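Worksheet: the structure to be examined is printed underneath.
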Amino acid sequence: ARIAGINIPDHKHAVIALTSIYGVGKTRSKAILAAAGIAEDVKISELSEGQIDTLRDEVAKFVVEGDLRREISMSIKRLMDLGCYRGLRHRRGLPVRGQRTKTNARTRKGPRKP
Amino acid sequence: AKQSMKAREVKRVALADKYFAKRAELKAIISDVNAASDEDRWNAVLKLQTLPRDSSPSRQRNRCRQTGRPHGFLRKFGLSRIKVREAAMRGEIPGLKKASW
Amino acid sequence: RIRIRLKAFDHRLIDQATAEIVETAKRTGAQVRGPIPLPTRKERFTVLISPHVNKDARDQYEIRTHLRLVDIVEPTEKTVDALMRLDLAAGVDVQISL
Amino acid sequence: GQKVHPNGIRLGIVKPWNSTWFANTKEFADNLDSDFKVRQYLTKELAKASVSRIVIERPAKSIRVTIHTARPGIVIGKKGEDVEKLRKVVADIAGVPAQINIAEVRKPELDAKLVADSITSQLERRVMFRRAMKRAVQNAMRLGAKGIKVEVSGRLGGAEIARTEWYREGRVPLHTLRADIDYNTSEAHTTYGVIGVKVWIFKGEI
Amino acid sequence: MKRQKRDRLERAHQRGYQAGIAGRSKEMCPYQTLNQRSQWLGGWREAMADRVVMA
Amino acid sequence: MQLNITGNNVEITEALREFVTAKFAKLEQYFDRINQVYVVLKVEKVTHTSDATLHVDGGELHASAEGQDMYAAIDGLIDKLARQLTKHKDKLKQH
Amino acid sequence: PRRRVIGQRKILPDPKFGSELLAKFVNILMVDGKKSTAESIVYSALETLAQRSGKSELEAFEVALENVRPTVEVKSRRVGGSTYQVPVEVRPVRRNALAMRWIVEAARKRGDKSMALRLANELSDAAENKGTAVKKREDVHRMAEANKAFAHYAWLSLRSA
Amino acid sequence: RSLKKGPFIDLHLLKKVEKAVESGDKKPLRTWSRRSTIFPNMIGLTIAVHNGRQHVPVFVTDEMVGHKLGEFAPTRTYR
Amino acid sequence: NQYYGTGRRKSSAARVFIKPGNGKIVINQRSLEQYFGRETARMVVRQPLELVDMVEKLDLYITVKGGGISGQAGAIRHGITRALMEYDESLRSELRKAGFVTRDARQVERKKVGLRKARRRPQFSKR
RNA sequence: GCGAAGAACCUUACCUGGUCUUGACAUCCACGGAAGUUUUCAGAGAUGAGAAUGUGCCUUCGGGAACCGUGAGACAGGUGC
RNA sequence: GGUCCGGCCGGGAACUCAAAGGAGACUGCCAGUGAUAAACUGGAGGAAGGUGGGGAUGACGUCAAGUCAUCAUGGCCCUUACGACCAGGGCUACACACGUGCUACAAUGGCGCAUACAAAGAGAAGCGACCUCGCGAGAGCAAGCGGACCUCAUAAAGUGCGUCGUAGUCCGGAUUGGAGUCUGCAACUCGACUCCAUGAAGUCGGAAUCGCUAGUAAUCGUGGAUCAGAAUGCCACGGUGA
């Protein structure tokens, strides 16, 4: 119950249980078990350590927690350093993709202060 | 509705039938995957800017042909939704009548 | 072998032009497979009825396309030219197939 | 502005269509457009001919305009030349050739287009609209219409407020679908603006 | 969309009962036919007692 | 009670919105609990007219007042609304 | 309505058991226009009502139902300023439907894992005179029997049957 | 994230760059073609993209290559 | 010999051929249980064969098409009663009483204009 | 979730700039030219400059047409109130 | 009869169906009530019984309601500009307020596998099989069809099996990053979709408020118009079904 830095659930099935890693979801999580020879419905208590070490270097291929967080921070901070339109929206907290801003915009905005 | 706009529509019909469907080979034949993907293809997507911009079929608005009204058109009739009621109740569009089921 | 399909807007006019061709193909030759009806196309057109606002006031319409088959089984040369020079009742459109 | 058009509500039941051509969906729009332009053109040109209604048919890449008028002598003119004078300009703006006909009405006091053109022209030359609007009702009822209703609308004598009047006499059942009602509407462009005239003429039940 | 409820017979009753209770000591707003006036007045006199039993 | 000003051909200035709002608030406090109020200002070449729609627990109630200077029309509309409110209020007291 | 003693239609009986009361009960918790899974909830609940009760299923449901069917029901009326509730007797068509609505609501509460387990336990306590719908039954009888002093004019339940 | 094959430029921007690069680093290039990409032989230039009422100059930097010219010239001004 | 009844219900039409035979019911070259006989309301095809007797008396060859599950089911329920035409008004006089011969002509309504799904109106609300 | 049965350009009517004036659209007068077609330069394009190609319908023949340019206005135009 | 048991093939015109013509439902019959009246209540027969269900149909008028931006038109105003052409932008801005909707907050469910059943419609610079390549949006080749034939086009909810065990969870799918596809000269402002990742609010909504009486409400999918591309809207159609 320690891969990629954390991986601590138990009593869960394996392909759902790997998805607490920041960088994996239900497709890459099936790619890990299908690429590491593990059936998808086993539990983390039911894995033996001679499988779990073969899953640690397996998930060491795709980018995980820290490298992905400083990577996405490099992307957003890069755009804000260029000062393009997208990064100009990132510097101000408004929708980047071109959503409606007259009415909703409220996930990127936050709560409503007035 | 603004004779300027009405003549602008038939200008775009004229150039849209003049250039393309004769020089649609610049994209439908050249801009394809083949053994010709060198700078002939870049010469093609380079070339379509030389053509008049008002020659593409997607600058058409497909207006009514009694009023030129831009909104509320019917491709079957060629008339806007006002004039087709005006001619439908008159008895012009053949076979057309009020529907109820 | 001749497949005569004809479509019109009025049922009481296409059933007139059909009797104007069964008496042809039975007047000369024989072996016609009946005035076969086909399903009616029902193009429906809903339009706004005011020149402005009042969206909910509409006007629903339809045209009717009635179709009939003929199916001459064995053609005679009086029959294939009997189809010619007889194409009246404008409102009915006819197609022959071989 | 709340009634159904009483010619259009009964188009399969009583009245015939003004166009009896089949066109498939590729040529229906243009086949209706030139159909419009010969009606605008003949309506503009034969304005003195007292035209009732023109019926356009398209047999086999040709056209037939049956011209319903009251005075066919002004239509055919001297010797029948003006028919061909119309037929050349019809064939120029339609699919060549053209077989135009005349189907005159011998009772023009019962046609709703000619009553409305009568009241229209008399309001254009500034007659009293009670005299014209009432004289149309008289001339239909002493000639054999089962009902009539004339309505004029607008300035009607240079008033600053528009109003309508209507002078029905007899039965005009607008809801009975088998009831034969010739409705038509014409417009009189007076120097105070537009005066709209619409006339219902009820004739029979089948 | 269906047919009338208790075809004025014992509706004529409860009209005379409501009109009996809410004053109207006229007994002069009934129907005029006999089979409905009889029990408009029937509900009226059944409503006088129900006025004595309360305020 | 929030109040919603709109104007057809009448440019709603900030001094105009302050006064109308004050008058409406005063009326709301005096007669009944009011949920929402829509105000419409129209000018038709002579007549400065005003419409108001109050949404109150019983329901909608509306009034309209024509005036000379817009302010007069607003005052008339507010008095009319107050009168309507008195009727609605004890119309649903009616003990 | 003002008019219309309406032309009434009947219902289809239940397939697995000879009952129309049970089919009405399926139509009560038939949420969202979907009859089949409501039938699976009802059958799955009467099975464990049989195993958790011993006796048969139709009598299990009916004995579990007659401890929540009511007799008197309040009707709120206002005269002048007061707005007191007046006890009307429930008519025996409305009676069992008004029971089953309370069973089904009290099963939509109470939350266990599954709906058949919730409704099975709720019918079990309805046999035990213990659960929620018997508390609502006794609330209705306490307030109608508490407001029992009103038997009057004409706006409710004319002479007899 | 569009236009599968080849970047987009106009001939009046491509020929205007290939004219004004071999002719030395010069005056800022007024451009109206906002919709065109930024090629790596445009690095080091002051091009003035038209935003609707200005021609705002932006120095082309190395990171700006995959973008378009209108991306670095805002149109609407807020506060 | 062989007897026929048509039957249709809610945009769904059956063809029922009844014969004096076993107690087997075939629907669209399938059996009843493997067509819908554990699905929603399988009782309504054996139901008109309950007020009359059917046990090993008459086999049924049914081809229903169009509509959905209960539309085909009520279609077959009407088709069987129509196919009890050689078994006369001794049976159909006692088969009027429990229904089974009304077509039950309730079709889905058309969507009216302005309304969202033929009765639902788009909520003019004060809140 | 109204005109709008579908605003990237067009639509588009609004804004900033770049241009035209009997005009983008219609008629009347005169003078030239077949119309049309391939290509270059400049410019954001409109536009302006060109480079070649092209020539029947009736003999009245500077034409009768269709079409294109310049000129004078009568006007045209206006989604302006 | 034949069968690669596929209406597949000879064949058949019964049945579904197509859609032209007819029949049928009118208080027609019976019993009671009623002024012997109109009518009402109940019954029979019948597919339907009391204007069968639904639609179309909107009286005289009101609101000097809406539209001079569909059009037409009286008057007024501009006519080297309020007219005309082009590029770029804006119509998509956002401290906020209101209206109409979609998706949820889950176990009557989510996910995975297998599998059953519709009606209506559209299609020629258009709809686009099959077969290869791609995880996929899609790409290449390319038949067929101006269509009861060909294509869009696998209906979905449902059903059987397995798992999840009541948690912000295997709920929810917002936002954002990367990589693409298609359309169109051209997806930056500002398109749709796909893939990987990210995983917000939300645990059923105070005061106030709306629709709905039966194939209705409520849910589930499908199609059309407008359209190069762009429906959570509109207009239609069926499924389940109180």
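Residue numbers (the numbering used here), protein chains in the order written: chain A, 350 to 463; chain B, 615 to 715; chain C, 54 to 151; chain D, 11 to 216; chain E, 313 to 367; chain F, 3 to 97; chain G, 5 to 165; chain H, 54 to 132; chain I, 398 to 524. Ideal Cβ placement from N, Cα and C applies to all residues, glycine included.
query = Counting only runs that start and end within the segment 34-95 of chain D, where is the beta strand (DSSP E) found for 3 or more residues in a row?
reply = List check, beta strand (DSSP E) in window: 61-67, 74-79.
ask   = With a cut-off of 8 angstroms, do at least 3 Cβ pairs link the segment 693-700 of chain B to the segment 97-113 of chain C?
value = The segment 693-700 of chain B is in contact with the segment 97-113 of chain C.
ask   = What are the start and end residues of each continuous beta strand (DSSP E) run of 3 or more residues lying completely inside the segment 86-113 of chain C, in chain order?
value = DSSP runs (the beta strand (DSSP E)) wholly in the segment 86-113 of chain C: 89-94, 97-101.
message = Threshold first: 4 residues or longer. Then list the alpha helix (DSSP H) segments lying entirely within the segment 32-101 of chain G, N to C.
response = Segments of the alpha helix (DSSP H) lying fully in the segment 32-101 of chain G: 39-55, 61-69.
ask   = Do the segment 372-392 of chain A and the segment 410-424 of chain A touch if we need at least three Cβ pairs shorter than 8 angstroms?
value = A contact exists between the segment 372-392 of chain A and the segment 410-424 of chain A.
Unbroken beta strand (DSSP E) run spanning residue 50/F, endpoints = Counting along the chain, residue 50/F sits inside the beta strand (DSSP E) bounded by residues 50-58.
query = Which class does residue 396/I belong to by DSSP, given the choice of helix, strand or coil?
reply = It is not possible to answer for residue 396/I, since the shown part of chain I is limited to 398 through 524.
request  = Compare the C-beta of residue 47/G with all C-beta atoms of chain E and state if any pair is closer than 8 angstroms.
outcome  = Taking Cβ atoms only, chain E never reaches closer than 8 angstroms to residue 47/G, which makes this a no.
query = What does residue 329/E reach in chain G if we use C-beta pairs closer than 9 angstroms?
reply = Within chain G, the residues near residue 329/E are 157, 158.
ask   = Skipping 5 residues on each side, what residues in its chain have a beta carbon closer than 6 angstroms to that of residue 124/G?
value = In the same chain as residue 124/G, and ignoring 5 residues on each side of it, the C-beta atoms closer than 6 angstroms to its own belong to 49, 52, 53, in chain order.
Contiguous beta strand (DSSP E) assignments of at least 3 residues, all confined to the segment 83-165 of chain D = Within the segment 83-165 of chain D, the runs of beta strand (DSSP E) at least 3 residues long that lie entirely inside it are, in chain order, 157-164.
request  = Starting from residue 65/F, trace the beta strand (DSSP E) both ways and give me its first and last residue.
outcome  = Residues 61-69.
request  = State buried or exposed for residue 91/G, treating a residue as buried only when at least 16 other CB atoms are found within 10 Å of its CB.
outcome  = Buried.
key: Residue closest to residue 357/E, alpha-carbon to alpha-carbon, out of 340/E, 346/E, 341/E, 329/E   = Measuring from the Cα of residue 357/E, the nearest candidate turns out to be 329/E.
ask   = Would the C-beta of residue 90/C count as close to the ligand COA, meaning under 7 angstroms from any of its heavy atoms?
value = For the structure depicted, the ligand COA is absent and the ligand set is empty, with no information on it obtainable.
key: Proximity of residue 54/F and residue 79/F at Cβ, strictly below 8 angstroms   = Judged by beta-carbon spacing, residue 79/F lies within the 8 angstroms limit of residue 54/F, meaning their Cβ atoms are closer than that value.
request  = Could you tell me whether the segment 148-165 of chain G touches the segment 3-14 of chain F, using the rule of 3 or more Cβ pairs below 8 angstroms?
outcome  = The segment 148-165 of chain G is not in contact with the segment 3-14 of chain F.
key: Sub-8 angstroms separation of residue 467/I and residue 437/I beta-carbons   = It is a contact, given that the beta carbons lie within the stated cut-off.
query = Quick one: what's got a C-beta closer than 8 angstroms to residue 518/I's C-beta in the same chain, skipping five residues either side?
reply = Cβ neighbours of residue 518/I beyond the five flanking positions: 511, 512.
request  = Ignore the nearest five residues each way along the sequence and tell me which others in residue 72/F's own chain have a CB closer than 7 angstroms to its CB.
outcome  = Only 12, 43, 50 meet the Cβ criterion.
inquiry  = Can you pull the chain B neighbours of residue 64/H, defined as C-beta to C-beta under 8 angstroms?
reply    = Result: 660, 663, 664.
ask   = DSSP state of residue 350/E, grouped into three classes?
value = Looking at residue 350/E - three-state DSSP - the assignment turns out to be helix.
ask   = So is residue 97/H in contact with chain B if we call contact Cβ pairs under 8 angstroms?
value = It does not: the Cβ of residue 97/H has no partner Cβ on chain B nearer than 8 angstroms.
ask   = When Cβ atoms are compared, which residues of the segment 680-708 of chain B fall closer than 8 angstroms to chain D?
value = Residues of the segment 680-708 of chain B with a C-beta atom less than 8 angstroms from some C-beta of chain D are 680, 689, 690, 691, 692, 693, 701, 702, 703, 704, 705, 706, 707, 708, listed in chain order.
message = I'd like the ranges of any alpha helix (DSSP H) spanning at least 4 consecutive residues and lying wholly in the segment 374-459 of chain A.
response = At a cut-off of 4 residues, the continuous stretches assigned as alpha helix (DSSP H) that sit fully inside the segment 374-459 of chain A are 377-385, 398-408, 414-431, 434-439, 455-458.
ask   = How would you list, in chain order, the residues of chain B whose beta-carbon sits under 8 angstroms from the beta-carbon of residue 59/H?
value = Near residue 59/H (Cβ distances below 8 angstroms), the residues of chain B are 655, 656, 659.
task = Please confirm if residue 90/F has its CB atom under 8 angstroms from at least one CB of chain I.
result = Residue 90/F has a beta carbon lying at 8 angstroms or more from every beta carbon in chain I.
query = Do you know offhand how far residue 73/G's Cα is from residue 29/G's?
reply = Looking at the two C-alpha atoms, the distance is approximately 14 angstroms.
request  = Check distances from the C-beta atoms of the segment 44-70 of chain D to those of chain C and list, in chain order, the residues that come in under 7 angstroms.
outcome  = For the segment 44-70 of chain D, which is checked against every Cβ of chain C, the residues closer than 7 angstroms are 67, 68, 69, 70.
key: Interface partners of residue 439/I on chain G, CB under 9 angstroms   = Here the neighbours are 19.
key: Span of the beta strand (DSSP E), counted from its first residue to its last, around residue 145/G   = Going by DSSP, residue 145/G is part of no beta strand (DSSP E) but of the alpha helix (DSSP H) stretching over 137-150.
ask   = How would you call residue 159/G, buried or exposed, if buried means at least 16 neighbouring beta carbons within 10 angstroms?
value = Taking all protein chains in view, the Cβ of residue 159/G is surrounded by fewer than 16 other Cβ atoms within 10 Å, so the residue is classified as exposed.
task = Spell out whether any CB of chain E is found under 8 angstroms from the CB atom of residue 9/G.
result = The beta carbon of residue 9/G falls within 8 angstroms of a beta carbon belonging to chain E, placing the residue at that interface.
Partners in chain I for residue 40/G, counting only beta-carbon separations shorter than 8 angstroms = Chain I residues near residue 40/G: 436, 437.
message = I'd like to check one pair, residue 91/H with residue 56/H: are the Cβ atoms closer than 8 angstroms?
response = No.
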